[PDB]
Amino acid sequence: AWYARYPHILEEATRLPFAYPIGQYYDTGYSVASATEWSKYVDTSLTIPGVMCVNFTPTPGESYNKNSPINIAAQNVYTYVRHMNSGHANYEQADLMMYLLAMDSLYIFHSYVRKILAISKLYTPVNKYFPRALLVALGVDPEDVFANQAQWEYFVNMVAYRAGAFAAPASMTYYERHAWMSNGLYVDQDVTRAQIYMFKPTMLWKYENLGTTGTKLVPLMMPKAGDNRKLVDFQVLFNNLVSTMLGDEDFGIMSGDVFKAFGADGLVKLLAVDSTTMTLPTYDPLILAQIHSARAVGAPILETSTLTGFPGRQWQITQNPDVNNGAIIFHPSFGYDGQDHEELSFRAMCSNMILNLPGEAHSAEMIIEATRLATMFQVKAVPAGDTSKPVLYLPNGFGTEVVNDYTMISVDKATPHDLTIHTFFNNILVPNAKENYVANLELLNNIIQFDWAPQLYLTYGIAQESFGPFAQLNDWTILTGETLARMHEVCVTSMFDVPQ
Amino acid sequence: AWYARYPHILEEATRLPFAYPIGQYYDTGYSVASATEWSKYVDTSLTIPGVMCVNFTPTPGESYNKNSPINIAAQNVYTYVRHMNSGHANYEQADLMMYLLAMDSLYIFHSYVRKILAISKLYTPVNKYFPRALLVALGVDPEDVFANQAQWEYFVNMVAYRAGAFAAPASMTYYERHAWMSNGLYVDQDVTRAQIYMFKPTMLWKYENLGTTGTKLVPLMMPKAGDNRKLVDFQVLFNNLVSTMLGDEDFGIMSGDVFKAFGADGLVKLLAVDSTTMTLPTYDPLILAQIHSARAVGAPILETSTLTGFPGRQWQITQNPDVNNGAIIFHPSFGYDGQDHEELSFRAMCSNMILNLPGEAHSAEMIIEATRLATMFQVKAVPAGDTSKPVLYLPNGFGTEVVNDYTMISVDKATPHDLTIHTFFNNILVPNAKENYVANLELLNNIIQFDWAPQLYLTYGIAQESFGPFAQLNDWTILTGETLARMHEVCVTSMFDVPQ
Amino acid sequence: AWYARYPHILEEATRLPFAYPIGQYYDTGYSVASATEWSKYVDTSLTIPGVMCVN
Amino acid sequence: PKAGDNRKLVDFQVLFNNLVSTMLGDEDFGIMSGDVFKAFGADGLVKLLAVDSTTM
Amino acid sequence: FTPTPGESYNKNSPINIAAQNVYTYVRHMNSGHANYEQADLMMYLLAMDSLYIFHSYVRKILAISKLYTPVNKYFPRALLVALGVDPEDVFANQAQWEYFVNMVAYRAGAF
């Protein structure tokens, strides 16, 4: 060949600088020097996004009866605590189970602040997003972690010490699943300049035992991305979390009874951190499998949230013993977008989802673990009133965690190329504006930069027509709501299961 | 360990049919029962495209004086023919070189009709685009191949017999590249229900021999995908391809000189076909690398094409002994969209290209072979007149072939779900209309269904702003005009050569 | 002998979950999309009883 | 800081932030760091040693 | 002391020769980006030298203050006076000094 005869000309001809370090703006330049008269018609910008954050919410699953897996697990752990290990008989099954859920929220908070501490020591020349973009996506000021890192470390250690006052079973996979999910960095590819997936809890459950009418886990809001929160705000959040937890007699005898039934080696163990413990991003395909099938349900509903025609639709877990035979009722109203309007794009999520999977042959565990974060709407919630500004949807069942939002961190194409935060569901609405089509195209390109990005459903407001899954398909199926509800029931039963 | 002690429920809960055969419309249905009142706001339509045809054009490599690599190769092959072996003095070097260029067009046409005949025997139940969609994308009537298979077979055999009468050197790797490109299907993911890439000539060079002005090569059009031409149109094309070529007495004199110079074994031989010669799709990442880094230049300019301010910009490989010292002359003008107006989206190609490659370490052969189909504009061609409706762009030296446009085949949105043909460049213009945005969105989704799809530069007419490369970048670099011209000179010289 | 020489399509086309656990309401859904205007004329409810006590 | 000037930790933090004010956030410095990280390996770069309470 | 690259008034200075050599090794053998010259890379290397000098300086300031011995009453107040740092600000917030030194070592690894 000619290439074998003259390899020197081929070598000197094709020496190009590869491996551009992502994290800053790049300008391609002009091939035509007279193209400056067409200013916006030539796109010389080139931005590579680096961080996608999955804003998740811990849930016990769908529950409207006593036949829910949460109530079955409550009855089983109550039998193991009292009827086999001599309990105190000052509480029911549901009080113990809501106490266990409060433990889950505590361990999620500890893994969250441990990830916040461990992220800030990551520095590399090939990625300029490390570690400021991850701290921006977590809603924490990076200067407050640069300046007082030792205070952050000792606060994390003190959280791990104070969380050991109560007890929780180690063999329950719910705790270790939430702690592993909330404390990981997951690259979308096995390359040195990959993109970071993340899991930030926006919801934490706060114990609210007031009155005789039963306990309740009220919502507690976590810092959203772009809010520069310091260590004092996280300490205030932690003290608000254990305000009604420590100093409670019922919680004290519950911790004593769990410490009696399960041994000292049978309880969970929060690991101590120090100055040499840092985490690196790992490649997890099973994380990408459930990230791909993740379906957003929108921002949660609080007591302060105003809804026209929807009163009392807050995301609370109730423990009223006078109604429903004292069941742990938790079924929320989805589709709320954070404010009081119609949110036309959420109608695109009313079709049956497409379960996409890598490879050709799929095991049962792969299909079950790929549908952990999926949620399909089933029936519209009937409003109590003649006028209704939003539209809410009741699901047919969800897993141990739902997805509310997503967060994109990428460099801006305009001066001075700082980080931009883009919050979006799977559904993206593009209304009548000349500045919204190019922004939506840039958001689409930034989404498809990631490998297993969730399947979007873009609604165009000027054509009154939405679009299906905007993702590349390899081996897919159509999932009905009944089969996904069955898989969610299996997942919630297996996660809350404890061995006796 | 709930999955271990209850494996039957885990096995039964995840029995899903995953191998969905592409090639038909799929209605996912409504997950919410009352979502049928939202009309097009719930998109329950899912289509997977199957055919991407890359429409190319053979070129000598932008000759503009005697110092071009094609003229140097003409001098080298003329010294090899007439100085090393006792030849004739009736023909010059440029006549022999353009005879060799016309032999490439004849071999491309033979491989074209051979692929038309060999495609129609492809059938698999998991891909319903076989073989009707490939025959639609190749521009033939699919029913005419099935109804007249015996007349189609001997036509290809007679084309091979009447094109094998002349000689062309097999040591020259121009023919062994073009014939290998023009036949054979190329899957994009090496799976069973993969997507097929193709290569079809948009045009071919028909030999016409004039008097003292020269033996200039002329354009000859080819049927596009929405034509459904029968066998007699291809017979007419083959008849006027060699109408003034087989009727020339001096043609065989220089044809036999190649035979006696290069021997009887170092010649290009055409493979005869029978009823069992069936081609199969193969996986080649070398083809996908140059498919991914490909840039469209537009439709060729003909003598019948009307251009305001561009009277003599027709694509012709001229050779006049009177002017330019008897050199082969070929400098086409790109940027022609087929109509007599300026294509607004062609301004987006004035930025520097992005060479994206898989993996981390790239050899020099991979870099020089990944830039074969790319073509970058350098400077606008000066119009001859006070007004000009289109805008044409002169290249900085193109490679051995140029991509005109692309043809994409997919099933229809509505009844009866027949094949639809989409013709688009690398630049897609979305004008301000009611229904163009969702058509552009489904075009984008169908393009990103393909794995190594070319990078699209979408220009929006409402915002008067275009966007950069719409492709997933993995390991990329910015290519300037000078480096790509340096690569293209090497890639032109490496094909037009003889190692003796 | 089409099933013998094409067994993969036959295997993939019939992957259905068959062991439905009784004890809960099952909504079969609407096969016709515009059948929700017929209200109770389309029964999409399927219940399986579990206990018969002979007193 | 010269000897005899009682400088606190805030002054040293101000000096450090003045040192890397134009260093971090520079595109030319970023591609320079990427090119040195490409030419010299990860084991071929300098290694600032971590300190703790037992290192004196 | 003061860190210096040496005397330089020509292109034959050892600093310029080392700049050209490291530029050849970065670009002409390891595929550089060609957005900078030899001298930009060498001044960047000198900025790295000043960064590592600062890190060793604050590390010495931190490590000196834990030295106490009865036979030498200069330890460690005289060394902290000679370094221009208040010894009370190292007695009172030593952990902040240690974590600042560690954060300097972490941030200096970005380049």
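Participant: Now, about the interface of chain E and chain D: what can you tell me, with residues and values included?
Facilitator: Reports often express the size of an interface as the amount of accessible area lost when the parts come together. Every contact between the two is made by 45 residues of chain E and, on the other side, 37 residues of chain D. Between chain E and chain D, roughly 3,600 Å² of surface is buried when both sides are summed, and carbon and sulfur atoms account for 70% of that area. When residues of chain E are sorted by the area they lose upon contact with chain D, E:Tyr44, E:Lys66 and E:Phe111 head the list and together hold 16% of the total. Note that D:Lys8 and E:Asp89 form a salt bridge whose closest N and O atoms lie 3.8 Å from each other. Inspection of the region where chain E meets chain D yields 11 residue pairs in polar contact. Secondary structure elements with two or more residues in the side of chain E that touches chain D: α1 (14-28), α2 (38-64), α3 (77-82) and α5 (94-107) of chain E. Per-element tally for the side of chain E that touches chain D: the top contributor is α2(E), with 15 residues. Here the residues of the side of chain E that touches chain D sort into 28 nonpolar, 11 polar and 6 charged.

Participant: Tell me about a nonpolar patch on the surface, and please be specific about residues and values.
Facilitator: The grouping of B:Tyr123, C:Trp2, C:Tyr3 and C:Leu10 at the surface amounts to a nonpolar patch, some 460 Å² of accessible area in total. For B:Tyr123, the position within the fold is in the loop between α4 (93-119) and α5 (132-137). Among the residues examined, B:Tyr123 registers a relative accessible area of 55% and is labelled exposed.

Participant: Run through the packing of aromatic side chains, naming residues and quoting values.
Facilitator: This model, assessed by the stated rule, comprises 80 aromatic pairs over all chains. Residues B:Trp2 and B:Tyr3 carry aromatic rings whose centres are separated by 6.3 Å and whose planes lie at 70° to one another, so their mutual orientation is edge-to-face. The interplanar angle of 80° and the centroid separation of 5.1 Å between the aromatic rings of C:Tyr20 and C:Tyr26 together place this pair among those described as edge-to-face. Residue C:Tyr20 is classed as partly exposed on the basis of its relative accessible area of 36%. By relative accessible area, C:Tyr26 is classed as buried at 14%. One aromatic cluster in this structure is built from A:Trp205, A:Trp315, A:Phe330, A:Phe334, A:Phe346, A:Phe377, A:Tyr393, A:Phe398, A:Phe425 and B:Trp38.

Participant: Let's hear about the packing of α1(E) against α2(E): which residues, and what values?
Facilitator: Residue and element names in this part refer to chain E. For the pair α1 and α2, interaxial distance at closest approach is 8 Å and the crossing angle is 105°. In terms of orientation, α1 and α2 fall into the roughly perpendicular class. Here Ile15, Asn16, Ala19, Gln20, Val22, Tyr23 and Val26 of α1 lie close against α2, whose contacting residues are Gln38, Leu41, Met42, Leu45 and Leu46. By residue class, the composition of the contact of α1 with α2 is 9 nonpolar, 3 polar and no charged.

Participant: Residues and numbers for helix α11 (residues 285-292) of chain A, please.
Facilitator: All names here are of chain A. With 6 of 8 residues buried, α11 is to be regarded as a mostly interior element. Every buried residue of α11 is listed here: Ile287, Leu288, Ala289, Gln290, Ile291 and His292. Next to the buried residues of α11 lie β3 (51-58), α8 (173-182), β4 (186-187), β5 (196-201), β9 (353-357) and α12 (364-370). For α11, the capping residue at the N-terminal end is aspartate 284, with a side-chain oxygen 3.4 Å from the backbone nitrogen of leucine 286.

Participant: Give me the arrangement of the chains: which residues, what numbers.
Facilitator: Among the 6 pairs of chains that make contact, the interface with the largest number of contacts is formed by chains A and B. As for chain D relative to chain B, no contact occurs, and the smallest C-alpha gap between them is 12 Å. Nowhere do chain B and chain E come into contact; their C-alpha atoms are at least 9 Å apart.

Participant: Before we move on, could you go through the environment of A:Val54 and cite the residues and values that matter?
Facilitator: If you trace the backbone, A:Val54 turns up in strand β3. Apart from the residues lying within four places of it in its own chain, the contact partners of A:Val54 are A:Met198, A:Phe199, A:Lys200, A:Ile291, A:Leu373, A:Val403, A:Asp405 and A:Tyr406.

Participant: Describe in detail the nonpolar core, supporting the description with residues and values.
Facilitator: Within the largest apolar cluster, 189 residues are counted, with the highest numbers of intra-cluster contacts made by A:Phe470, B:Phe109 and B:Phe470. The residues contacting B:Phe470, other than those within four sequence positions of it, are A:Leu441, A:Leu444, A:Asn445, A:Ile448, A:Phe470, B:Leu444, B:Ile448, B:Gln455, B:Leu456 and B:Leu458. A:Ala73, A:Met254, A:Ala261 and A:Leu267 belong to the second-largest nonpolar core, a separate cluster that totals 111 residues.

Participant: Tell me about the packing of helix α1 (residues 9-19) of chain D against α5(E), and name the residues and values.
Facilitator: At a minimum axis separation of 11 Å, α1(D) and α5(E) run at an interaxial angle of 10°. With respect to α5(E), the element α1(D) is oriented roughly parallel. Residues D:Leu9, D:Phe12, D:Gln13 and D:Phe16 of α1(D) touch α5(E), and the partners they reach there are E:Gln96, E:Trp97, E:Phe100, E:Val104 and E:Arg107. Of the residues assigned to the contact of α1(D) with α5(E), the class counts are 6 nonpolar, 2 polar and 1 charged.

Participant: So what's going on with the relation of the copies chain B and chain A? Which residues, and what values?
Facilitator: For the match of chain B to chain A, the screw axis carries a shift of 0.1 Å, the RMSD comes to 0.6 Å, and the turn is 180°. Between the two chains, the operation in question is that of a two-fold axis. Interface residue correspondence from chain B to chain A reaches 93%, placing this contact among same-surface, isologous pairings.

Participant: Can you tell me about the sheet that holds strand β14 (residues 427-430) of chain A, naming the residues and giving the values?
Facilitator: Residue and element names in this part refer to chain A. On the basis of which strands lie adjacent, the open sheet formed by 3 strands has the order β14-β15-β16 and mixed pairing. Each edge of the open sheet is held by one strand with a lone partner, namely β14 and β16 (465-466). Bridging between β14 and strand β15 (residues 457-460) involves 4 bridges; their strand directions are parallel. Its bridge partner being in β15, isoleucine 428 is matched across the sheet by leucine 458.

Participant: Which residues make up the side chain of B:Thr173, and what values go with them?
Facilitator: Relative to the helices and strands, B:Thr173 is located in helix α8 (residues 173-182). Once residues lying within four places of it in the same chain are set aside, the contact partners of B:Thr173 are B:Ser494, B:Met495 and B:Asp497.

Conventions and cut-offs
- Numbers attached to residues count from 1 within each chain as its sequence is written and can disagree with those in the entry; no residue without coordinates is shown.
- Naming scheme: in the order in which they are written, chains are lettered from A and ligands are numbered from 1.
- The structure shown is incomplete relative to its larger assembly, and all values pertain to the part shown.
- Note: side-chain values were computed over all heavy atoms of the structure, leaving out hydrogens and water.
- Two residues form a contact once any of their heavy atoms are found within 4.5 Å.
- Values labelled buried area give the accessible surface lost by two parts on being combined, using a 1.4 Å probe and summing over both.
- Counted as salt bridges are all cases of a side-chain nitrogen of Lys or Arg within 4 Å of a carboxyl oxygen of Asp or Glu.
- Pairs of N or O atoms within 3.5 Å make up the polar contacts considered here, provided that, within protein, one atom can donate a hydrogen while the other can accept it, and that residues adjacent in sequence are counted only when both atoms are side-chain atoms.
- Think of it this way: any DSSP run of H or I at least four residues long counts as a helix, any run of E at least two long counts as a strand, and we number them from the N terminus.
- In the scheme used here, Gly and all other residues not listed as nonpolar or charged are polar, with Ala, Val, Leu, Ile, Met, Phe, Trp, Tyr, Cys and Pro taken as nonpolar and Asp, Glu, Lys and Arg as charged.
- For patch detection, residues must exceed 30% relative accessible area and be free of salt bridges, and they are connected within 9 Å for like charges or within 5 Å for nonpolar side chains (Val, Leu, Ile, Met, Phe, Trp, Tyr).
- The method behind every accessible area is Shrake-Rupley, applied with a 1.4 Å probe, and residues are considered shielded solely by the protein chains displayed.
- Think of it in three bands: residues with accessible area under 20% of the maximum for their type are buried, residues over 50% are exposed, and the middle band is partly exposed, with areas taken using a 1.4 Å probe on protein chains only.
- Here a pair means two rings of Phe, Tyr or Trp (six-membered ring of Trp) with centres within 6.5 Å. Their orientation is stacked below 30 degrees between planes, edge-to-face above 60, and tilted elsewhere.
- Interaxial angle, 0 to 180 degrees, is taken between N-to-C directions of lines fitted to C-alpha atoms, where a helix line uses only the stretch in contact.
- Put simply, angles under 35 degrees are roughly parallel, angles over 145 are roughly antiparallel, angles from 65 to 115 are roughly perpendicular, and the rest are oblique.
- By nonpolar core is meant a set of buried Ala, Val, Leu, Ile, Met, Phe, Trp, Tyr and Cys residues that side-chain atoms within 4.5 Å join together.
- Here the copies are fitted together by least squares on their C-alpha atoms.
- The rule for pairing is simple: two strands pair if DSSP sees at least two bridges between them.

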